[PDB]
Amino acid sequence: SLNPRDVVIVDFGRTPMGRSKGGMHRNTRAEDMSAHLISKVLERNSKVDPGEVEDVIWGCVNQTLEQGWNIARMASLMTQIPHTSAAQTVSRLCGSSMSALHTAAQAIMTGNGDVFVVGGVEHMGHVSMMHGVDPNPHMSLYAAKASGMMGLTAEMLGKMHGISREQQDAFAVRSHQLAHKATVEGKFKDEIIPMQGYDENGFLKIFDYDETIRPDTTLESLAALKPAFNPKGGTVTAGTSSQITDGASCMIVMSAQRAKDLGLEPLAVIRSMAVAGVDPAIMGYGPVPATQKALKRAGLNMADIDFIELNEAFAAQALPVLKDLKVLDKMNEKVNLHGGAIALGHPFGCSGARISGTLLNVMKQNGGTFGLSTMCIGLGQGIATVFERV
Amino acid sequence: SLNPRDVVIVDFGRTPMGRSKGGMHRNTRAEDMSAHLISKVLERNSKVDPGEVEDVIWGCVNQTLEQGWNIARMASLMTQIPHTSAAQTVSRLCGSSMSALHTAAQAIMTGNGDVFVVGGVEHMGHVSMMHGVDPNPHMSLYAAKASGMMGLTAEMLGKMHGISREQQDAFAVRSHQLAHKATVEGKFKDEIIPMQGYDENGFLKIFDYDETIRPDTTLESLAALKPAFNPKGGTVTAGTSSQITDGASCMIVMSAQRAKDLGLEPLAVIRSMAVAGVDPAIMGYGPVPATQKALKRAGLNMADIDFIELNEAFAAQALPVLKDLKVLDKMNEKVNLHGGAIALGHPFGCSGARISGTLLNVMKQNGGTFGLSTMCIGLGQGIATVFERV
Amino acid sequence: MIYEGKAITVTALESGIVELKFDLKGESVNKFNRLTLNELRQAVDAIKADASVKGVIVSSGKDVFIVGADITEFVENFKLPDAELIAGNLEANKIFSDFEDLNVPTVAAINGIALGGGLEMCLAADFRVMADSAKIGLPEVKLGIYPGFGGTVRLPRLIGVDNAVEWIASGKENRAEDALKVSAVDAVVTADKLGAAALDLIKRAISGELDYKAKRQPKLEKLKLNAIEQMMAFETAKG
Ligand SMILES: CC(=O)SCCNC(=O)CCNC(=O)[C@H](O)C(C)(C)COP(=O)(O)OP(=O)(O)OC[C@H]1O[C@@H](n2cnc3c(N)ncnc32)[C@H](O)[C@@H]1OP(=O)(O)O
Ligand SMILES: CC(=O)SCCNC(=O)CCNC(=O)[C@H](O)C(C)(C)COP(=O)(O)OP(=O)(O)OC[C@H]1O[C@@H](n2cnc3c(N)ncnc32)[C@H](O)[C@@H]1OP(=O)(O)O
Ligand SMILES: CCCCCCCCOCCOCCOCCOCCOCCO
Ligand SMILES: [Hg+2]
Ligand SMILES: [Hg+2]
């Protein structure tokens, strides 16, 4: 059965993904976006009392301006969550959100709280990814300065595994294709929390779909794009790279015991967690070391996993990871079935929990038992989580 | 005895505290300051293999510039810690460093790593506390904008508990007095990691003491100071407020099992942890709700605690907390025996683990069995940890 | 004095500390021409032979620290057959290396411009204290060449591949401020305190407060970078 202290995911909710460049969230702050989301998710789960929330752990990377000073607490204060609850912001670059979930999970397992709210956010429109970045000169004495430029790390991982321009463009076409399909078929209806935004004309209205998706993306349209990081020989382009998006993700997590008491059916249960490091230069490879450690902790083999969510940082880093994870031939059967970051965007702080949320819904919809969410992390890291639907 | 998964603190190390305004660390980056410290602490504990470090959890608040993009990983990369290890940066404002410790601890308890490096940093000289701060207008709909100004919250907590100007200045005089005494008597010799810095003339040399301490601080000199936050009626001054400092703190943490194997004597063991929230306006009161929750989890009473470390944000918030914690009359016997933030400074990211480190050494030097480190957190929170010397 | 030449002098100071000063008598600047290199050889051997020496401070008596030799000698030198040119440089480098291998702490007091060979001399020391008004850099690429006196060896091991490449491939002059940030230098002070700062620093090295051996070590071994990080760094640099 489920032990009292096992970690249960009660529900998952995310905002519609908006284009940072003039998109739907252009007039919405990161704190407000986070509060609104938290508020709505808690509203759909009326049996979970906000006062019971021990901690609000939020993932966010560029913590300055709208996102500085512990945005997790700033957002909580504008929610039905009482002042008596705590809140902390976590940063592990791309994996911030997943780390948020792990910290709450671990807190639940050790008896330091029963109910938590995790998630993350990143409004790249208001706090661009290169905003306030000050390279440390001394770093060049231990690693390559170029390792800090994600695009170049994709180029390197790609050349090293021989991922062609065609292979990358194909993955991208599939991503938009599958994201659009899922949208149209209402596969994102349960996880997407409708939200107010603005259209190109500044008109106020509600959005319940991801703007980022581009259904008109074909091999032909992508072939016309030029390399984005290596003018002479590069294969990575804007079309096969994750988008600059504005978004937030959220999850209600609690001990199994509390879930039993409240009489609510778990969306899933956590079976294992893991982080790991790799060289900064090939950060995109982070998922394989992390996934291996997590699978071992879960007592499972890659084959036991029914569905996989691998963040699509770059097709150039996703494809190699899938091959080395030994599931490339199983791609269309269990990998990013509803599209990925190339079509859905990669708002740093938000992604960790986001792909995990989408995974849970993919598992629910396709009768999966075990799921794996994993992603590469800038500056050489990988993080992974194993979920079980029981 | 100690269960295999109990959390052990192998060692503690901190940098000499420097004045942010033209101080010793004026030419040292936050990442380098963090790396150097981690390197030295690992060097004193040769039996702990850097390759075994699962995660480097670092606390830091204003994460932009030198402190942005997961400074925990940036610092780790310039250490003997391998690329295979992971790293994340934690933010819970003033309590960031203590949360870092809690996360690693909880990781150890659940079998998700055996050896961790925790700590934190804040270089307020390079990243001032008000740098990149963008108040959210919508916040005023739920809380008072003034709650974001720590000084005013001190004024409010003080008026509410009737803490006089005299009582506050007295605490401050005691703080410098006790910090200086501890310095002179070499009571900080074990925890302070000597480090390179610059004097007023730019001359390079090593510092092994805290510049922040001002032995010439008397009731007379403090009485001459003017209110810093409330011109007409205020009682809080710069003399009774924590200083703007540059500093880093660090700890090596690991399962008791691993400590047993490696044959190394624990500096202390964690018995309980806890965070809690209070209204933003009286954030300084955070320690009492947190300390109560932690004491209950530790199965102890405030009386069972031999030594206490309460971060000195403002004398105005420290005194009320001590009274309501019911240990004011026990102050000179067990509270901040080696001085506090008023004399040692309060580098946000670094403080949590710092006061905890100083606590352990206070306990070791005075034969204490149980210790409590706790602090208030901006925007209404409190955090606490109970340590046991066994 | 310990050594008295026409370009270099080695005068004894307090506590066994010795000062090797560059002052090319009759000329407006210091530069590594044939004469100076030969005298450095002698000054080094003199110090290497004086067992009473406890530390060395390298300074300049001119407005500049040390600049490049006359373009004229560059032209001549580059006409020589590869074997001779390389043998001549091997010999020059042997001097700087010997100064670097002194079993005593060394500090370079950069009072003014230190370009090419001048900077290379500084890189050979354990510590470098620079006046906030001075400038340093390796302009070799301007002449179609690159550092020939250990510059490509020492700079990368001192400030990191990316930064060394930036300095060498551009040959730009670097201000005190920037030199400190990349750690090409260890301290920046006003012109009036240069002497005192160098004297103060040397004493801290002698007392053991500063581990001069550990500070020197990095330029006597392989880079710290991974095979992986190396590839990333060099390939992007070339690109
Ligand atoms: C570890 C991890 O998991 S995280 C990985 C981190 N990834 C990232 O940070 C993403 C990196 N991406 C970037 O930095 C930027 O998006 C860049 C550099 C790739 C592109 O930005 P810019 O330099 O501004 O160029 P630009 O935005 O114009 O490029 C987009 C162009 O491609 C076109 N394009 C993009 N995707 C598509 C597509 N699917 N189909 C057709 N055209 C497309 C756009 O129409 C646009 O062309 P336009 O200007 O004519 O409208
Ligand atoms: C929630 C938590 O855990 S922590 C809360 C965070 N803490 C804070 O926000 C307070 C931090 N302090 C500050 O921000 C600043 O010190 C302030 C705003 C209080 C005052 O700043 P300023 O207006 O610039 O005044 P300033 O800092 O220059 O100092 C005022 C004078 O008092 C003097 N002074 C300060 N402390 C002392 C002291 N202990 N004894 C004697 N003189 C003192 C200073 O030397 C200065 O005199 P000087 O100018 O001749 O040198
Ligand atoms: C950055 C280093 C610059 C080195 C360039 C050398 C040009 C400067 O001329 C100074 C001469 O000393 C350099 C050593 O010369 C090498 C060859 O020595 C043989 C000279 O042949 C003359 C025999 O009489
Ligand atoms: Hg990234
Ligand atoms: Hg604060």
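- Per the PDB entry, chain C goes by the name Fatty oxidation complex alpha subunit and belongs to Pseudomonas fragi.
- According to its PDB record, this entry is titled "fatty acid beta-oxidation multienzyme complex from Pseudomonas fragi, form I (native2)".

- Looking at the PDB entry, chain A carries the name 3-ketoacyl-CoA thiolase, with the source organism given as Pseudomonas fragi.
- Listed under Pathway in UniProt, the entry text for chain A is "Lipid metabolism; fatty acid beta-oxidation."
- Turning to chain A, the UniProt annotation filed under Subcellular location states: "Cytoplasm".

### Comments concerning the interface of chain C and chain A
- Contact with chain C, which involves 21 residues of that partner, is made by 16 residues of chain A.
- Between chain C and chain A, roughly 1500 Å² of surface is buried when both sides are summed, and carbon and sulfur atoms account for 62% of that area.
- Summed over the shared surface of chain C and chain A, the number is one salt bridge.
- With its nearest N and O atoms 3.1 Å apart, the salt bridge here joins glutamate 166 of chain C to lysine 145 of chain A.
- In this assembly, chain C and chain A are joined by 11 residue pairs in polar contact.
- Listed by contribution, the elements that provide at least two residues to the side of chain C that touches chain A are α5 (151-159), α6 (161-170) and α10 (227-238) of chain C.
- The biggest single contributor to the side of chain C that touches chain A is α10 of chain C, with six residues.

### Looking at the site of ligand 3
Residues and elements named next belong to chain C.
- Taken together, 15 residues form the shell around ligand 3, and within it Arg34, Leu37, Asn77, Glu120 and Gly148 come nearest.
- Between ligand 3 and the protein, one listed contact pairs an oxygen atom with a side-chain N or O atom of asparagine 77 at 2.7 Å.
- Calculation on ligand 3 without its partners gives an accessible area of 670 Å², and the protein chains cover 77% of this total.
- For the shell around ligand 3, the elements supplying multiple residues, two or more each, are α1 (34-49), α2 (71-77) and α3 (82-100).
- Looking at the shell around ligand 3, the element that brings in the most residues is α3, giving four residues.
- Looking at the shell around ligand 3, its residues break down into six nonpolar, four polar and five charged.

### Here's the deal with the packing of α1 of chain C against α3 of chain C
All names here are of chain C.
- Close contact between α1 and α3 brings their axes to 10 Å; oriented N to C, the two are set at 30°. Judged by the angle between their axes, α1 and α3 are roughly parallel. Remark: the crossing between α1 and α3 carries left-handed chirality. Contacts between α1 and α3 involve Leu37, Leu40, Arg41, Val44 and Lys48 from the former and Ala92, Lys94, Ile95, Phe96, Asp98 and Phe99 from the latter.

### Focus on the pattern of salt bridges
All names here are of chain C.
- One pass over the structure, following the stated rule, counts 55 salt bridges over all chains.
- Of the charged contacts in the structure, one is a salt bridge between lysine 219 and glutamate 100, with a shortest N-O distance of 2.7 Å. Placement of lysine 219 in the loop between α9 (212-216) and α10 and of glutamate 100 in helix α3 is noted, with a sequence separation of 119 residues between them.
- Judged by its relative accessible area of 6%, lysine 219 falls in the buried class.
- We note a salt bridge from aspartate 186 to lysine 215, for which the minimum N-O separation is 3.0 Å. Within this pair, whereas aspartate 186 is found in the loop between α7 (176-181) and β10 (187-189), its partner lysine 215 is found in helix α9, the two being separated by 29 residues in sequence.

### Regarding helix α5 (residues 165-184) of chain B
Residues and elements named next belong to chain B.
- Taking 1.5 Å as the rise per residue, α5 with 20 residues should run 28 Å; its terminal C-alpha atoms sit 29 Å apart, in good agreement.
- Taken together, the buried positions of α5 are occupied by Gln168, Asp169, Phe171, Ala172, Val173, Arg174, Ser175, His176, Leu178, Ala179 and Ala182.
- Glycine 186, located one to two residues past α5, shows a positive phi value of around 65°.

### Let's talk about unusual backbone geometry
- One non-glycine residue, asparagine 336 of chain A, lies in the positive phi region at around 40°.
- In this structure, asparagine 336 of chain A sits in the loop between α10 (331-334) and α11 (341-344).
- The exposure class of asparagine 336 of chain A is buried, given its relative accessible area of 2%.
- Non-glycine residue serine 15 of chain C carries a positive phi angle of around 45°.
- Tracing the sequence through the fold places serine 15 of chain C in the loop between β2 (8-12) and β3 (17-22).

### Description of the packing of aromatic side chains
- Summed over the entire model, instances satisfying the criterion amount to nine aromatic pairs over all chains.
- An angle of 90° between the planes, with centres 6.0 Å apart, marks the rings of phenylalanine 229 of chain A and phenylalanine 314 of chain A as edge-to-face. Within this pair, whereas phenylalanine 229 of chain A is found in the loop between α6 (219-223) and β8 (245-255), its partner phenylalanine 314 of chain A is found in the loop between β10 (307-310) and α9 (315-324), the two being separated by 85 residues in sequence.
- The class for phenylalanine 229 of chain A is partly exposed, based on a relative accessible area of 33%.
- Summarising the aromatic geometry, the rings of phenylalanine 32 of chain C and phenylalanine 96 of chain C are spaced 5.1 Å apart at their centres and angled 85° between planes, so their arrangement reads as edge-to-face. Residue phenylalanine 32 of chain C is located in the loop between β3 and α1, and its partner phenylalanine 96 of chain C is located in helix α3; the two are separated by 64 residues in the primary sequence.
- It is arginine 14 of chain A that lies over the ring of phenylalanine 188 of chain A; its NZ or CZ is 4.9 Å from the centre.

### So, the packing of helix α4 (residues 150-161) of chain B against helix α9 (residues 315-324) of chain B
All names here are of chain B.
- Contact pair α4 / α9: the axes reach a minimum separation of 8 Å and the direction vectors enclose 45°. With respect to α9, the element α4 is oriented oblique. Considering the relative orientation of α4 and α9, their crossing is left-handed. Contact residues: α4 offers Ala154, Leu157, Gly158 and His161, while α9 offers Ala316, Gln317, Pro320, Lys323 and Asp324.
- Here the contact of α4 with α9 is built from residues that sort into four nonpolar, three polar and two charged.

### A look at the relation of the copies chain A and chain B
- Superposing chain A onto chain B takes a rotation of 180° combined with a translation of 0.0 Å along the rotation axis, leaving an RMSD of 0.0 Å. These values place the two chain copies in the arrangement generated by a two-fold rotation axis.

### Things to note about the interface of chain A and chain B
- With 61 residues of chain A in contact, the opposing surface of chain B contributes 61 residues.
- Surface buried jointly by chain A and chain B totals about 5300 Å² across both partners, of which 51% is contributed by carbon and sulfur atoms.
- Our count for the contact surface shared by chain A and chain B stands at eight salt bridges.
- Taken together, the connections running from chain A to chain B amount to 40 residue pairs in polar contact.
- Of all the secondary-structure elements, those providing two or more residues to the side of chain A that touches chain B are α1 (30-44), β3 (53-59), α2 (71-76), β4 (86-91), α3 (96-109), β9 (268-277) and α8 (287-298) of chain A.
- The leading source of residues in the side of chain A that touches chain B is β4 of chain A, at six residues.
- The residue makeup of the side of chain A that touches chain B, split by class, is 25 nonpolar, 24 polar and 12 charged.
- Note: β4 of chain A against strand β4 (residues 86-91) of chain B, three bridges, orientation antiparallel. Residue pairing for β4 of chain B: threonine 89 of chain A is matched across the bridge by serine 91 of chain B.

### Observations concerning the sheet that holds strand β5 (residues 106-110) of chain C
Residue and element names in this part refer to chain C.
- As summarised here, the arrangement of the seven strands in space is β1-β2-β3-β4-β5-β7-β10, forming an open sheet in which the pairing is mixed. Each edge of the open sheet carries a strand with a single partner, namely β1 (3-4) and β10.
- Pairing analysis gives five bridges linking β2 to β3, with the strands arranged antiparallel. Within β3, the position partnered with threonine 9 by the bridge is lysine 21.

### Comments concerning the UniProt feature "active site" in chain A
All names here are of chain A.
- Residues annotated in UniProt with the feature "active site" correspond here to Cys94, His346 and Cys376. With the annotated positions falling across 283 residues, the maximum pairwise C-alpha distance of 11.7 Å places them together in a single cluster.
- On the secondary structure map, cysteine 94 appears in the loop between β4 and α3.
- Residues in contact with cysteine 94, not counting those within four places in the same chain, are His346, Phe348, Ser351, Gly352, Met375, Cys376, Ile377 and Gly378.
- Discounting residues that sit within four places of it in the chain, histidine 346 has contacts with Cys94, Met124, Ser242, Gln243, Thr245, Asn311, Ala341, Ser351 and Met375.

### Considering the site of ligand 1
Residue and element names in this part refer to chain A.
- Around ligand 1 sit 21 residues in total, of which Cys94, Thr217, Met283, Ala313 and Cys376 are the nearest.
- Measuring from a nitrogen atom of ligand 1, one finds a side-chain N or O atom of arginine 214 at 3.3 Å.
- Between ligand 1 and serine 242, the relevant distance is 3.3 Å, taken from a nitrogen atom to a side-chain nitrogen or oxygen of the residue.
- A total of 1100 Å² of accessible area belongs to ligand 1 in isolation, and the protein chains cover 63% of it.
- Taken together, the residues of the shell around ligand 1 break down into 13 nonpolar, seven polar and one charged.
- Of the domains in this structure, domain 1 (1-129 + 187-270) and domain 2 (137-186 + 271-387) are the two that each give at least three residues to the shell around ligand 1.

What counts, and at which threshold
- Residues numbered from 1 in each chain as written, not as in the entry; some residues may be left out.
- Chains lettered and ligands numbered in written order.
- Part of a larger assembly, values for the part shown.
- Heavy atoms only, no water.
- Residues with missing side-chain atoms left out of burial classes, pairs and counts.
- UniProt positions renumbered as here; feature names shortened; annotations may be inferred.
- Contact = heavy atoms within 4.5 Å.
- Buried area = accessible area lost by both parts, 1.4 Å probe.
- Salt bridge = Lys/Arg side-chain N within 4 Å of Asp/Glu carboxyl O.
- Polar contact = N/O pair within 3.5 Å; in protein donor to acceptor, adjacent residues only side chain to side chain.
- Helix = DSSP H or I, 4+ residues; strand = E, 2+ residues; numbered from the N terminus.
- Near = heavy atom within 4 Å.
- Areas by Shrake-Rupley, 256 points an atom, 1.4 Å probe, with all protein chains shown as cover.
- Nonpolar A, V, L, I, M, F, W, Y, C, P; charged D, E, K, R; others polar.
- Axes fitted to C-alpha atoms, helices over the stretch in contact; angles between N-to-C directions.
- Parallel < 35°, antiparallel > 145°, perpendicular 65-115°, else oblique.
- Left-handed = near helix turned anticlockwise from the far one by under 90°.
- Buried < 20%, exposed > 50% of the residue type's maximum accessible area, 1.4 Å probe, protein only.
- Expected span 1.5 Å × (residues − 1).
- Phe/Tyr/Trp six-rings, centres within 6.5 Å; stacked < 30°, edge-to-face > 60°.
- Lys NZ or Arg CZ within 6 Å of the ring centre and 35° of its normal.
- Least-squares fit on C-alpha atoms.
- Pairing = 2+ DSSP bridges.
- Domains from an automatic or database assignment.

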